[PDB]
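Below you will find one chain, with nothing else, as structure tokens; this is the form deposited without this ligand, and questions on how it binds or moves follow later.
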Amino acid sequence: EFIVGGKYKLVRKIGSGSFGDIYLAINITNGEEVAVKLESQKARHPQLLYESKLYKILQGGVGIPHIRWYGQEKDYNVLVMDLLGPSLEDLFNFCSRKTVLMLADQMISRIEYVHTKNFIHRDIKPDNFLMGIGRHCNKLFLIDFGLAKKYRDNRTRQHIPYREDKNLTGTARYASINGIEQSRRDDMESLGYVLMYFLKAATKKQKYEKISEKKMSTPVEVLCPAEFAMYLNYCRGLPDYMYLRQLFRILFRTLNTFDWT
């Protein structure tokens, strides 16, 4: 049986259709349930090292896991971490399809940490959020950092110069305006579309560009509190995100546990 580094044992499958199928490993010396992302040495998408590096540069926080072991085993590269749990997405659609905005500020707090840690996730979807298990049952964790752009450069983090005519498919339903390179503003703009979320075809010019143009055809006020709709607008105007956080705390307090809990 596949023993990861002579210490773990892959018992079953928990997620697939991904770059790294996320297995459930078990420590043959401890008994702990473990999450293992496994990718081939000749796989088409080598995001395993990408996400491991992003976890490594994360190094702590209430939303970033701990890498138990990395390296490689024969033709299948491996990443062992703590068993994350259930996805925020696979909790919102399983439960029933205050909780929304209490989570949102937890997400908002998460992104300050990644922005202050000199990089960007850039791939925000409800799938990439996962609730913890046990002690972490109430804490948000952002994962799937394989598609996360690193702004670390020489000395202090320097945003790379913007380059027009760029493509984005990782955020299929949250692409929005993003030629404009994904950045801090682009992170928080996808969050507002995730909060909002809380005619296709094979041609991409109709399945992505038409969605984006309909997304920005009308102001956010008609689609939507309109006050936090215009917060979204002026958040996309991008410094300001500290202000946006204090304003969102004000909104959270001015409304007089979560869905599944």
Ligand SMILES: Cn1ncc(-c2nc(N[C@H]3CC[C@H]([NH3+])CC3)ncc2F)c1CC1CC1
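Just count from 1 along the sequence shown to find any residue number.
The following text describes the form deposited with this ligand bound, which does not appear among the structures shown.
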Practice prompt. Please pick, from 90, 105, 112, 181, the one residue with any non-hydrogen atom lying within 4.5 angstroms of this ligand in the entry with it bound.
Written response: 90
Worksheet item: Do residue 232 and this ligand share at least one heavy atom pair within 4.5 Å in the entry with it bound?
Response: no
Practice prompt. Considering only heavy atoms, tell me if residue 82 and this ligand come within 4.5 Å of each other in the entry with it bound.
Written response: yes
Worksheet entry | Touches this ligand in the entry with it bound: residue 148 (any heavy atom, 4.5 Å) | no
Fill in: 4.5 Å heavy atom contact, residue 168 to this ligand in the entry with it bound
no
Worksheet item: With the partner removed from view, which of 168 to 176, 114 to 122, 153 to 161, 140 to 148 is the stretch that lies within 4.5 Å of this ligand in the entry with it bound, judged by heavy atom distances?
Response: 140 to 148
Worksheet item: Within 4.5 Å of this ligand in the entry with it bound, do we find a heavy atom from each of 22, 35 and 130?
Response: yes
